[PDB]
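Student: Before I ask anything, let me first share the structure, which is written out below as structure tokens.
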Number of protein chains: 2
Amino acid sequence: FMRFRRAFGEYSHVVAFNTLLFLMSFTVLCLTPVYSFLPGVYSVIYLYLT
Amino acid sequence: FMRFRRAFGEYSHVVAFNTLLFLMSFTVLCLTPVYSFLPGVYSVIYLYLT
């Protein structure tokens, strides 16, 4: 993490959350074909959390 | 110690105590098979010191 903070300057904070949200969304999309509940409830939770 | 402080940035302080506590716990676990008193009293002392 120190090495990561060495680069990317000030924008590392913006990059980290953007990567984490993308990874979470990718996992949710991967779990979609079996659990049909996710697309709505996860979107609602995401809207609440944003 | 100066060379160590050169790296790890701000988190060297967190790393040092974490390593020291792990080493102390490892020593206590190593002394366990003969001195059966240690698991309780050392845990109490650790809770007090934390």
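By convention in this document, the chains of the structure tokens carry letters A, B, ... by their order, each chain's residues are numbered from 1, and ligands are numbered from 1 in the order they are shown.
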Set out as CSV a contact list for chain A and chain B with a cut-off of 12 Å, giving each residue of chain A that qualifies its closest atom pair and distance in Å to one decimal, counting only C-alpha atoms, ordered by chain and rising residue number.

Tutor:
residue,atom,partner,partner_atom,distance
A:1,CA,B:8,CA,9.1
A:2,CA,B:8,CA,6.2
A:3,CA,B:8,CA,8.4
A:4,CA,B:8,CA,11.4
A:5,CA,B:9,CA,9.7
A:6,CA,B:9,CA,9.5

Student: Can you measure CA of residue 22 in chain B to CA of residue 41 in chain B for me? One decimal in Å is fine.

Tutor: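 We find that CA of residue 22 in chain B and CA of residue 41 in chain B lie 17.2 Å from each other.
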
Student: For CA of residue 36 in chain B and CA of residue 19 in chain B, quote the distance in Å rounded to one decimal.

Tutor: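 For CA of residue 36 in chain B relative to CA of residue 19 in chain B, the distance reads 24.7 Å.
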
Student: Using Å and a single decimal, report how far CA of residue 40 in chain B sits from CA of residue 21 in chain B.

Tutor: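 Going from CA of residue 21 in chain B over to CA of residue 40 in chain B, I get 16.7 Å.
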
Student: Give me the residues near residue 25 in chain A as a PyMOL selection string, where near means some atom within 10 Å (using only C-alpha atoms) and where sequence neighbours in that chain fewer than 5 positions away do not count.

Tutor: chain A and resi 19-20+30-31+42-43+46

Student: Using DSSP on the backbone, list every residue of chain A that comes out as alpha helix (DSSP H), and give them as a VMD selection string.

Tutor: chain A and resid 2 to 6 12 to 30 38 to 49

Student: Env of residue 39 in chain B: 9 Å cut, atoms = only C-alpha atoms, seq-sep filter 6 positions within chain, self excluded. Answer as JSON, numbers by chain.

Tutor: {"B": [28, 29, 32]}
